[PDB]
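Student: Once you've had a glance at the structure underneath, I'll fire off some questions.
Chains as they are written, first to last, in PDB author numbering: chain A, 1 to 16; chain Y, 1 to 16; chain E, 1 to 16; chain Z, 1 to 16; chain P, 1 to 16; chain H, 1 to 16.
See below:
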C-alpha cells in the first residue's frame with residue numbers, strides 16, 4: 001500500500 | 001486492531 | 001504453523 | 001533469534 | 001517509529 | 001526466500 005500492510009480478517013494478508 | 005499491528009516498546013507484540 | 005509464517009508466492013499470507 | 005521470529009501461542013511475540 | 005513499520009519500496013525495511 | 005524472511009542484524013530487512 002508505501003508500506004507492507006498486514007490486513008487481518010485468522011489468516012493475514014500482506015500487501016504493499 | 002482490521003490490521004495486524006506490531007507494537008514496539010526490544011520485544012515486538014503483534015495484535016489484531 | 002508455533003510460529004506466524006509469512007508464505008510468499010506478490011501477496012503474502014501469514015499463517016500460524 | 002539472525003532473524004526476527006514471530007512466536008505464536010492469539011498474541012504474537014517478535015524476537016530476534 | 002511506537003510501532004514496527006515495514007517500509008516498502010521489492011525489499012522491505014522494518015524500522016521502529 | 002518461498003517465505004518472506006525478516007533478516008535481523010536494529011533495522012530489519014524482509015526478503016522473499
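Note that CB positions come from ideal geometry on N, CA and C, so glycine has one too.
Excluding the 5 residues preceding and the 5 following residue 12 of chain Z in the sequence, name in chain order all residues of the same chain whose CB lies nearer than 7 Å to its CB.
Tutor: Within the fourth chain, numbered from 1, the residue matching residue 12 of chain Z stands at position 12. Taken in chain order, the residues that qualify are 6.
Student: Run through DSSP, which three-state label would residue 8 of chain P get?
Tutor: In the fifth chain, residue 8 of chain P corresponds to position 8, counting from 1. Collapsing the DSSP output to three states places residue 8 of chain P in a strand.
Student: From residue 15 of chain Y to residue 4 of chain P, what distance separates their C-alpha atoms?
Tutor: Counting from 1 along the second chain, the entry for residue 15 of chain Y is found at position 15. Counting from 1 along the fifth chain, the entry for residue 4 of chain P is found at position 4. Answer to the nearest angstrom: the Cα atoms are 12 Å apart.
Student: Could you tell me the distance, in whole angstroms, from the CA atom of residue 2 of chain E to the CA atom of residue 9 of chain P?
Tutor: As a first step, residue 2 of chain E must be located in the third chain, where it is residue number 2. As a first step, residue 9 of chain P must be located in the fifth chain, where it is residue number 9. Distance between the alpha carbons of residue 2 of chain E and residue 9 of chain P: 30 Å.
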